[PDB]
Amino acid sequence: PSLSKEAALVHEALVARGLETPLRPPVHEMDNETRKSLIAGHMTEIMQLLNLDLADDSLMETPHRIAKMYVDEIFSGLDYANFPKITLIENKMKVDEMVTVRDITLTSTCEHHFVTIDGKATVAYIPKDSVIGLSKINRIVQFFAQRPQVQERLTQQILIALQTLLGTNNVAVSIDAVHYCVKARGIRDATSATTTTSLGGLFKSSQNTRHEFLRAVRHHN
Amino acid sequence: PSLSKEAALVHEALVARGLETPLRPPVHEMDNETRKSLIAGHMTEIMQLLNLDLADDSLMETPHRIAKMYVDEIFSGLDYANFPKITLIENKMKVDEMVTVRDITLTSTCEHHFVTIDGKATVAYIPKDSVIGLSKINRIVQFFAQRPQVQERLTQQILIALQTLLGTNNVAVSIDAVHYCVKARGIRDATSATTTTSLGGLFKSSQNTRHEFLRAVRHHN
Amino acid sequence: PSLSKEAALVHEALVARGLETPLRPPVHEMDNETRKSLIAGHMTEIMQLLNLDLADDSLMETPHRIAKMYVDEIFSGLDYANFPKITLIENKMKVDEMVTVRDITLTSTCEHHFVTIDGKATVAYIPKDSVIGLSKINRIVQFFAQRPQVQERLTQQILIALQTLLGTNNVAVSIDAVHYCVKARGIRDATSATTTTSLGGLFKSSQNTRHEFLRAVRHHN
Amino acid sequence: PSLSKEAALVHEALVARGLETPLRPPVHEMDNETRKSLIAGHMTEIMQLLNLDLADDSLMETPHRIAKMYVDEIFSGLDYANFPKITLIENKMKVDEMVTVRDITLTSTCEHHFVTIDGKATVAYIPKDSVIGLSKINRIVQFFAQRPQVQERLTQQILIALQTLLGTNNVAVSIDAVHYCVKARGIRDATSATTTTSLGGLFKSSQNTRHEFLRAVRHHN
Amino acid sequence: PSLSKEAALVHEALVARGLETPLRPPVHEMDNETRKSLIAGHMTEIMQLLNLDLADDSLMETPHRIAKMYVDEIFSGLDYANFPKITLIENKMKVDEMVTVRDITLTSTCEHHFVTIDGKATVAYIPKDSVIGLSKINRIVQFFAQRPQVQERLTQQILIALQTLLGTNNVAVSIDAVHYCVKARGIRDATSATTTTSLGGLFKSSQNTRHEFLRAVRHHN
Amino acid sequence: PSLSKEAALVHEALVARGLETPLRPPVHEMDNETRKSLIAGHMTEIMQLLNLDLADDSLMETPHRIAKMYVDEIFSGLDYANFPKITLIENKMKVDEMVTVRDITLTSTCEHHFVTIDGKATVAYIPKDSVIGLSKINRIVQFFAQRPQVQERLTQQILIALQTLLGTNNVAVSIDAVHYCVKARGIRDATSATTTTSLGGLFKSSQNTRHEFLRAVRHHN
Amino acid sequence: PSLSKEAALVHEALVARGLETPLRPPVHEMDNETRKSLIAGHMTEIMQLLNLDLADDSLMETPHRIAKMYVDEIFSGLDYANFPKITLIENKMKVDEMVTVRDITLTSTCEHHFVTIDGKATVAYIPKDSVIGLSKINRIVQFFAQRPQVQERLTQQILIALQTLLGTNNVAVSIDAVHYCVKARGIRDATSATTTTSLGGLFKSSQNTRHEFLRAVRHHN
Amino acid sequence: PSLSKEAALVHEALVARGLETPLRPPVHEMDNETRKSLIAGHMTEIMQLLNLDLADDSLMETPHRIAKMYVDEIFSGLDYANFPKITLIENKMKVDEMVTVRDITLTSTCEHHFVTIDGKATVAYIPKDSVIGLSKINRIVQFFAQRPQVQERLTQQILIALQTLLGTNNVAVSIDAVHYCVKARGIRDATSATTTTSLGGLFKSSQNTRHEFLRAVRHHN
Amino acid sequence: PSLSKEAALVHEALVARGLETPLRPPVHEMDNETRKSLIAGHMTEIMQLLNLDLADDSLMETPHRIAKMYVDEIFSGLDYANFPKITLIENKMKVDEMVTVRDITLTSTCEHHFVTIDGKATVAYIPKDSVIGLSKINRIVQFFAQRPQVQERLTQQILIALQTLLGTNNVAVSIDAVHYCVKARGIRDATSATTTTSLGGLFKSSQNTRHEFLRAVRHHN
């Protein structure tokens with residue numbers, strides 16, 4: 001009817017921990033269509049302020065493309081109506097060891113300059129009552145990634161969302177990414193990459209479990 | 001006469017632990033030949049529903065090829081009459097350290113979409129009374145891989161099968177694989193890979209042994 | 001109203017050259033919904049013939065998942081209603097040298113066994129009157145790849161589709177892919193890869209141009 | 001009834017060119033079973049001459065294992081009754097550019113010492129009236145590889161067999177391999193590898209075509 | 001006069017531990033010359049049973065070449081008359097840390113099928129009263145490698161031989177090898193490799209020393 | 001008005017620990033302009049002593065270029081008026097795990113010969129009350145790098161500056177670099193590189209945390 | 001007595017072509033000792049202008065160290081008294097093919113900023129009447145490298161020096177280097193590298209010879 | 001009786017071309033035993049001149065070891081009595097394309113300083129009437145390598161020896177090597193390597209053949 | 001006046017521990033010039049015994065070159081008059097963590113055959129009262145490397161020399177090298193490398209420190 005049981009749960013969990021993305025309730029019920037047009041409008045003004053000849057065929061549709069990109073694509077994660085459908089199967093296999101999904105493609109945006117964050121996430125968890133569909137993990141990562149982020153927050157959000165859905169605190173998330181906020185401009189460091197990890201349950205308590213995960217983290221190319 | 005002592009033991013072990021692949025007893029004794037033909041028929045219908053011109057020389061034999069592939073090849077692991085012949089030699093060498101067989105080629109099928117799972121397995125065990133033929137390890141892995149799987153279950157099954165045959169709980173199995181269920185369709189993540197491990201005996205108890213194995217797991221290319 | 005001007009053109013071009021995928025006209029106007037359900041039914045029967053216990057939570061939804069994957073995903077390319085929207089900008093830059101888009105991710109299906117084909121395509125063309133949006137090239141490749149293919153045909157189709165849309169014969173397509181039809185079963189060759197190329201215009205005529213393209217073809221990892 | 005049309009053709013072609021493996025007609029019609037037993041007997045004698053304690057469980061079955069390996073496995077190519085089934089589809093795609101199958105796994109035996117030859121073959125051909133199933137190429141390479149060989153002969157044999165089956169002289173075969181005949185014993189050169197190529201049709205005549213193929217030959221790891 | 005003090009010691013040590021290669025005392029004092037000729041004879045028969053035309057110049061000398069290879073080369077390790085001369089210098093340097101010799105080239109034969117085993121050994125030891133010439137370590141490895149082996153036994157044998165000669169139990173041997181018994185035939189796994197280790201003294205007792213060695217084990221290419 | 005609160009704090013902290021770069025108070029208030037001209041003058045004399053023909057168009061502006069490089073570029077870190085603007089956000093994410101910024105491009109000058117030091121730094125810290133902007137870390141590293149350094153001091157300085165700004169002693173800095181002071185002249189060692197680390201807080205106290213950081217240190221290329 | 005016949009020849013050759021480093025005749029005969037002291041003085045002033053506390057033990061000797069480095073090391077190539085001794089042997093081997101010395105370590109200084117240039121040179125020549133000692137080539141490269149350079153000139157100088165000494169115009173020189181002038185400061189491009197080549201004789205005339213050389217140029221790491 | 005027909009032929013061919021190693025006829029028929037002892041004596045004197053305490057157990061046997069190494073090992077190539085036995089088989093395969101043996105391990109000695117030369121040779125030839133045993137090529141290379149060499153001569157010698165034995169001028173030899181004469185001392189260039197090639201027949205005449213060979217030359221690691 | 005304070009200290013330290021290279025006091029005060037000439041003479045005789053035509057221009061100067069190489073270059077470490085000048089700066093930085101200088105180029109000679117040893121050393125130490133110039137470490141390594149060595153001794157010598165000069169026992173030295181004594185001759189193992197380590201102070205006592213060092217030891221290429 002609006003948000004799925006999962007979307008609701010995850011959202012509440014995040015709000016409770018104070019880990020939700022800084023959002024303000026919708027001032028007025030606007031259709032995404034009207035928001036897009038308004039954003040497109042402001043973009044048109046910014047491009048004109050930059051002295052771009054909006055009459056050019058190639059630049060003409062840009063304000064609209066950017067508006068759609070924001071509302072529908074790169075910032076779609078802000079709307080829980082886009083939360084993926086979660087499928088869980090009973091842990092009949094009686095798995096008691098961690099399942100690790102590595103090198104998940106992740107593309108996000110640094111909220112301080114609205115510039116690309118390109119990286120990879122490694123998620124691992126120890127199955128309790130249910131096992132989650134591998135694809136679902138990738139989708140959850142993408143969801144939170146599609147928001148104006150701060151890697152420190154992004155990692156935390158993914159962790160909690162998964163803990164909530166899997167019903168286990170034994171979840172670990174590690175994200176290694178390149179920030180164009182740092183590379184493409186400013187200090188323009190062409191080689192640095194940032195790594196942030198958030199560990200829950202045994203992954204934080206048990207040094208044994210913690211290190212097994214950390215050792216598995218990151219690969220090459 | 002039907003199933004070898006080994007095939008029987010392994011099958012029982014799996015059923016006991018409740019780790020056997022979800023199978024229903026044969027409704028009627030059909031020849032694999034009749035099953036193949038029946039499967040071929042259903043495929044013919046599916047292809048027709050997809051509007052494929054089955055009159056084309058290249059597509060003509062597909063329903064049969066698929067049927068044979070299923071029954072004889074990719075799902076042959078479901079029939080214990082195909083279980084490999086196990087050869088064990090007396091551990092006169094008095095080996096007390098683990099023997100590791102790494103990078104075993106593994107090709108399986110994700111049962112949720114019947115799509116390719118391509119990866120590699122690393123198996124290790126500490127010889128007790130007998131040492132197994134290296135090739136047999138690769139064969140057992142392939143056997144269980146030739147079934148509609150769920151990586152979490154596949155890893156478990158191989159572990160138990162080996163424990164049963166070697167007569168030692170000191171066995172460890174780690175499988176790293178790419179699921180086309182995730183890559184080729186759905187979220188289409190082109191870089192993620194899943195790693196699952198199942199540890200028995202000392203490999204689970206002894207942190208020392210456990211880490212020695214984990215440290216050896218995985219290589220490159 | 002049905003097919004876009006582009007979809008129609010490409011389809012006609014393919015039929016004219018006799019390079020279209022072997023298709024029979026829809027016997028009856030069935031909703032994709034009814035086709036999916038029918039396919040799901042045939043799958044149910046096949047799985048039962050394989051003796052799989054469809055009562056298992058994990059296997060239960062498979063017949064439906066496969067049906068949807070076929071109609072909506074992996075074989076969606078058979079329906080021109082799914083042809084991407086093509087955007088072309090005027091070649092005001094007066095580009096006379098080839099534009100190469102390399103390492104396009106490609107996932108298709110070998111029609112002889114309905115098994116995964118995983119590879120990468122390198123497409124190049126010399127802009128005439130218009131320049132195409134880079135993303136569109138990737139999209140066209142994916143479209144044709146989402147069909148029961150034979151690499152030799154796939155390469156040809158992409159070539160013609162591009163030539164038609166760009167209005168230039170100067171297009172070159174090279175595809176390097178691994179066939180699980182070969183790796184996962186049958187001879188089980190774990191290392192072979194197939195490369196097929198289709199050259200048009202100067203890429204075939206001019207040895208100079210031809211080699212410049214070929215030299216650029218393929219990379220590593 | 002005995003040999004397939006294909007097996008016969010290929011065999012004749014090889015005999016005609018005087019490129020067949022040095023074989024003598026079967027002195028007497030012996031069952032492979034009796035041959036294996038005889039070979040096993042000779043091996044038993046050789047092992048005893050080496051002073052190996054054949055009473056040892058590990059060595060006990062070796063004479064039989066070696067006999068079966070020779071007759072059924074590594075030298076099976078000597079019997080045309082094992083020639084693969086060739087599937088050819090009409091070249092409706094009108095492919096006029098070469099199709100290259102690279103990195104075909106190849107394991108053979110150096111006939112001068114009966115020691116392992118491990119390598120990879122690259123085969124390419126320009127489709128005339130028919131296109132061959134990719135897997136079939138790998139199979140044909142394996143067939144001729146499963147014989148006491150001399151790389152110079154092996155490459156020639158594969159070339160001819162393919163030209164004959166495809167009905168085109170435009171075929172090229174290149175094999176790069178490590179001979180344990182050289183590495184494991186004798187001079188014990190741990191790094192050398194031998195590369196041999198055989199070119200037919202345009203691949204030999206047309207310098208353009210020749211170099212395109214040669215440039216594609218060999219990869220890494 | 002026959003066997004050196006070293007050869008005798010090592011042989012006795014191996015027989016005591018029951019780690020010697022399964023050998024039967026020479027039934028009759030035969031010259032290696034007569035043994036070679038007899039082996040050559042049996043080989044002639046085997047090749048004839050395989051229907052090879054022994055009249056061919058290339059195949060003609062094979063029976064003799066194989067016989068010499070067996071007796072003089074690949075199985076020479078069976079004769080302690082071929083044991084290397086060991087040179088030991090007084091540990092005046094007062095070395096108390098381990099000396100590691102890595103990537104020792106090792107070529108052996110899997111006794112179950114008489115096929116090539118190609119790998120590399122890493123040997124380490126903590127000097128007590130004497131230091132051994134580095135080359136000697138490679139020679140001892142080669143000696144035991146030149147025998148019909150089972151990697152599990154090979155590793156053990158090298159360990160004991162070294163312990164005996166160095167007069168220290170603090171020796172560690174690790175061998176990583178590819179078995180063509182597995183790759184070239186049978187299951188034909190093109191990627192798996194086996195690793196076996198045998199640890200003596202501190203390398204087994206001291207977890208600290210043990211891991212330092214294990215961490216050093218294996219390199220790339 | 002002169003130095004920012006941050007610049008002042010950091011400077012004081014360094015002086016307090018006695019880790020500041022050996023500086024003498026400005027003998028007289030000179031404009032950077034006059035300093036540059038004076039430096040350029042001395043360089044002119046040096047070049048003349050080296051017998052370089054300063055009348056050459058290429059060498060003519062060198063004295064000035066060097067002077068500007070020293071004052072404005074490579075030694076600009078000596079003037080705290082160039083200290084970066086630090087942005088800190090409240091640690092609302094409640095991050096308790098370390099944030100690692102790896103492969104920070106670092107170019108400094110070995111004060112003993114005024115020759116290039118080219119390397120990379122890895123910085124990590126455990127957020128207390130505030131999280132710092134990733135780029136800022138790179139900037140601080142660059143700041144101190146832009147001074148006549150001694151890697152041992154450089155590492156210490158970056159550590160302290162960070163501890164001061166973040167208000168946490170839990171900071172770790174590791175720098176790996178190539179000194180042309182060693183490579184380009186003198187002993188001319190073309191392969192050596194120096195690695196220095198400075199650990200604060202838990203990174204020094206907790207062996208667990210210390211090793212997690214060290215394990216993450218350094219990558220390739 | 002002063003300059004060797006070789007030094008004289010090379011110097012004259014360069015002067016004639018107008019390729020010599022911009023030098024002014026020594027204004028007065030000063031001992032390198034007095035020049036070093038004078039330079040050291042200028043450096044002391046420059047360091048003081050930078051506000052460096054020369055009282056510090058580490059910085060104290062810097063002015064002298066830099067002065068010695070300039071006169072004796074990095075700029076020693078400016079004095080032909082340092083020209084290496086050239087050894088040539090009669091080309092009795094009758095070599096008519098090119099001899100290539102690749103990956104020659106080269107460290108020079110960009111004269112526009114007096115900053116490090118780190119790279120590698122590849123030199124090749126076709127022996128005429130004499131063959132030069134390989135080491136001598138490396139030495140000649142170093143000689144000219146030890147000067148305030150401009151890569152374009154450096155390459156030309158080495159070419160001519162070699163042509164003169166070898167008595168053959170058939171010489172080719174290629175230098176690939178990284179300029180810290182670009183990396184460490186200014187635009188700070190961390191990845192670019194400059195390649196310059198100078199070709200003499202057949203290496204310029206004969207396209208065949210030219211490309212053979214160029215194809216050989218550059219390697220990795 | 002002394003020298004084989006092959007050794008004789010090769011020696012004559014070399015002397016004819018004036019490519020033989022500078023040798024003087026044996027002044028007196030001395031046993032290698034007496035020569036070794038004499039050399040050992042001179043070495044004893046040299047070591048004593050270096051002030052080495054020959055009473056030390058480790059240095060004691062050095063003069064003898066060196067003497068034996070010279071006469072029996074590293075310089076054994078000077079004695080044609082050590083020339084390998086050449087085995088040639090009739091080119092019944094009718095090979096008309098070149099056979100390439102790459103990465104042949106080569107270790108020689110730079111005659112100017114008697115220091116190690118470590119490299120790899122790539123040999124190729126077009127079979128005329130006979131095909132040579134692959135191992136023989138490696139052996140011939142080693143033979144000439146075991147002499148005080150100059151890479152330019154070494155390459156020439158191998159070329160001629162092969163041309164003579166194969167009865168074809170179509171032979172090509174390329175040697176890439178590192179000279180410790182350059183690396184370990186003198187200029188101490190840690191990265192340079194020398195490549196020398198000698199081409200015969202078509203490999204020199206036919207630009208097509210020539211480049212095919214050259215393009216194949218050299219690999220990595 | 002003869003030996004520096006440092007040279008004397010280091011020499012005494014080594015002699016005290018009995019780790020000095022086996023040397024006999026100079027029998028008579030000979031000029032290095034006369035020693036070189038005497039050595040040259042003995043070499044002349046050795047070359048003549050090898051039947052080398054010393055009249056050849058290329059071989060003519062060899063006896064002298066070798067004599068100079070021995071006395072002035074490769075064995076110059078035997079004379080403490082060649083010990084490097086050590087520069088130490090006060091540890092004002094208050095460095096308490098280890099400084100590691102890795103991949104130090106090392107070229108020595110195996111005293112048992114006087115053949116090249118090519119390797120790399122990794123030296124680390126924890127600064128006490130003074131910090132040493134990085135280059136000095138490389139120089140000290142080279143000094144001891146320039147002597148007839150046994151890797152086991154070489155490592156020990158470097159360790160002690162450093163401990164003595166730095167006034168700290170907290171020094172660790174690890175050397176990984178390839179011995180041509182093993183590769184170029186004798187067993188001719190083309191892949192083995194030896195690794196030796198000597199640990200002082202905390203590097204031996206503290207398992208924590210010990211492992212931090214060991215983990216950092218060795219890199220690739």
# chains A, B, ... in the order shown; residues from 1 in each chain; ligands from 1
$ select_by_dssp --residues "segment 157-203 of chain E" --states "strand (DSSP E or B)" --output "list in words"
residues 171, 172, 173, 174, 175, 176, 177, 178, 179, 193, 194, 195, 196, 197, 198 and 199 of chain E
$ closest_atom_pairs --of "chain C" --to "chain B" --cutoff "6 Å" --atoms "only C-alpha atoms" --output "CSV"
residue,atom,partner,partner_atom,distance
C:22,CA,B:53,CA,5.1
C:23,CA,B:52,CA,4.6
C:24,CA,B:53,CA,5.0
C:39,CA,B:46,CA,5.5
C:42,CA,B:42,CA,5.5
C:46,CA,B:39,CA,5.6
C:51,CA,B:24,CA,5.4
C:52,CA,B:23,CA,4.6
C:53,CA,B:23,CA,4.7
C:62,CA,B:112,CA,5.0
C:65,CA,B:113,CA,5.9
C:66,CA,B:113,CA,5.2
C:107,CA,B:184,CA,5.5
C:112,CA,B:62,CA,5.1
C:113,CA,B:66,CA,5.2
C:184,CA,B:107,CA,5.6
$ write_last_selection --atoms "C-alpha atoms" --output "compact mmCIF listing (two decimals), in the first residue's frame"
# COMPACT_ATOMS: atom_id res chain seq x y z
CA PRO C 22 14.84 -17.78 -36.04
CA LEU C 23 11.39 -16.64 -34.93
CA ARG C 24 7.86 -17.78 -35.77
CA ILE C 39 6.27 -21.85 -19.17
CA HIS C 42 6.23 -26.92 -18.11
CA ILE C 46 10.51 -30.93 -15.80
CA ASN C 51 12.60 -35.82 -8.89
CA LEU C 52 13.04 -32.49 -7.14
CA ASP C 53 10.79 -31.98 -4.12
CA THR C 62 11.74 -21.68 -9.07
CA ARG C 65 11.41 -17.44 -11.37
CA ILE C 66 12.64 -19.27 -14.46
CA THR C 107 26.01 -11.97 -21.07
CA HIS C 112 22.27 -25.22 -28.38
CA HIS C 113 22.04 -25.98 -24.64
CA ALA C 184 30.63 -26.34 -17.47
$ residues_around --residues "residue 89 of chain B" --least-positions-apart "3" --cutoff "9 Å" --atoms "only C-alpha atoms" --output "VMD selection string"
(chain B and resid 92 129 to 133) or (chain D and resid 57 to 58)
$ write_last_selection --atoms "N, CA and C atoms" --output "PDB file, in the first residue's frame"
ATOM      1  N   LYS B  92      50.345 -45.146   5.934  1.00  0.00           N
ATOM      2  CA  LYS B  92      51.593 -45.695   6.457  1.00  0.00           C
ATOM      3  C   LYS B  92      52.596 -44.557   6.585  1.00  0.00           C
ATOM      4  N   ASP B 129      43.367 -42.739   9.550  1.00  0.00           N
ATOM      5  CA  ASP B 129      43.843 -44.069   9.193  1.00  0.00           C
ATOM      6  C   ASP B 129      44.144 -44.234   7.704  1.00  0.00           C
ATOM      7  N   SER B 130      43.424 -43.516   6.845  1.00  0.00           N
ATOM      8  CA  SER B 130      43.642 -43.620   5.403  1.00  0.00           C
ATOM      9  C   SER B 130      43.768 -42.284   4.676  1.00  0.00           C
ATOM     10  N   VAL B 131      44.499 -42.317   3.565  1.00  0.00           N
ATOM     11  CA  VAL B 131      44.765 -41.174   2.705  1.00  0.00           C
ATOM     12  C   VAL B 131      43.977 -41.447   1.438  1.00  0.00           C
ATOM     13  N   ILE B 132      43.246 -40.449   0.957  1.00  0.00           N
ATOM     14  CA  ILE B 132      42.416 -40.590  -0.241  1.00  0.00           C
ATOM     15  C   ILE B 132      43.152 -40.161  -1.506  1.00  0.00           C
ATOM     16  N   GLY B 133      42.774 -40.736  -2.645  1.00  0.00           N
ATOM     17  CA  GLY B 133      43.399 -40.369  -3.907  1.00  0.00           C
ATOM     18  C   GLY B 133      42.998 -38.937  -4.221  1.00  0.00           C
TER      19      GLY B 133
ATOM     20  N   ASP D  57      49.623 -51.972  -0.849  1.00  0.00           N
ATOM     21  CA  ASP D  57      48.290 -51.541  -1.273  1.00  0.00           C
ATOM     22  C   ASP D  57      48.263 -50.405  -2.278  1.00  0.00           C
ATOM     23  N   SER D  58      49.162 -49.446  -2.114  1.00  0.00           N
ATOM     24  CA  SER D  58      49.214 -48.312  -3.017  1.00  0.00           C
ATOM     25  C   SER D  58      49.714 -48.646  -4.419  1.00  0.00           C
TER      26      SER D  58
END
$ atom_distance --atom1 "atom CA of residue 201 of chain C" --atom2 "atom CA of residue 171 of chain C"
6.8 Å
$ atom_distance --atom1 "atom CA of residue 135 of chain A" --atom2 "atom CA of residue 182 of chain B"
5.6 Å
$ select_by_dssp --residues "segment 123-199 of chain G" --states "alpha helix (DSSP H)" --output "MDAnalysis selection string"
chainID G and resid 134:145 151:166 180:183
$ write_last_selection --atoms "C-alpha atoms" --output "PDB file, in the first residue's frame"
ATOM      1  CA  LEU G 134      78.100  -2.863 -22.790  1.00  0.00           C
ATOM      2  CA  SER G 135      78.938  -1.129 -19.500  1.00  0.00           C
ATOM      3  CA  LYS G 136      80.393   1.787 -21.481  1.00  0.00           C
ATOM      4  CA  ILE G 137      76.960   2.487 -22.996  1.00  0.00           C
ATOM      5  CA  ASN G 138      75.455   2.721 -19.512  1.00  0.00           C
ATOM      6  CA  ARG G 139      78.282   5.016 -18.418  1.00  0.00           C
ATOM      7  CA  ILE G 140      77.913   7.372 -21.406  1.00  0.00           C
ATOM      8  CA  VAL G 141      74.156   7.650 -20.689  1.00  0.00           C
ATOM      9  CA  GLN G 142      74.889   8.473 -17.038  1.00  0.00           C
ATOM     10  CA  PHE G 143      77.527  11.064 -18.018  1.00  0.00           C
ATOM     11  CA  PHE G 144      75.144  13.220 -20.047  1.00  0.00           C
ATOM     12  CA  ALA G 145      72.346  12.532 -17.583  1.00  0.00           C
ATOM     13  CA  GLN G 151      64.957  15.388 -22.068  1.00  0.00           C
ATOM     14  CA  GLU G 152      64.821  16.466 -25.745  1.00  0.00           C
ATOM     15  CA  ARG G 153      68.470  17.542 -25.591  1.00  0.00           C
ATOM     16  CA  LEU G 154      69.598  14.637 -23.382  1.00  0.00           C
ATOM     17  CA  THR G 155      68.428  12.084 -25.968  1.00  0.00           C
ATOM     18  CA  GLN G 156      70.158  13.982 -28.830  1.00  0.00           C
ATOM     19  CA  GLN G 157      73.431  14.218 -26.916  1.00  0.00           C
ATOM     20  CA  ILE G 158      73.632  10.510 -26.097  1.00  0.00           C
ATOM     21  CA  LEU G 159      72.865   9.694 -29.764  1.00  0.00           C
ATOM     22  CA  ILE G 160      75.702  11.852 -31.112  1.00  0.00           C
ATOM     23  CA  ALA G 161      78.201  10.780 -28.456  1.00  0.00           C
ATOM     24  CA  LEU G 162      77.586   7.155 -29.430  1.00  0.00           C
ATOM     25  CA  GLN G 163      77.623   7.769 -33.180  1.00  0.00           C
ATOM     26  CA  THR G 164      80.959   9.534 -32.804  1.00  0.00           C
ATOM     27  CA  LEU G 165      82.577   6.861 -30.617  1.00  0.00           C
ATOM     28  CA  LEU G 166      81.258   3.871 -32.584  1.00  0.00           C
ATOM     29  CA  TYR G 180      59.143  15.535 -10.764  1.00  0.00           C
ATOM     30  CA  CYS G 181      59.063  19.064 -12.225  1.00  0.00           C
ATOM     31  CA  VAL G 182      55.553  17.875 -13.252  1.00  0.00           C
ATOM     32  CA  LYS G 183      54.690  15.380 -10.528  1.00  0.00           C
TER      33      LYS G 183
END
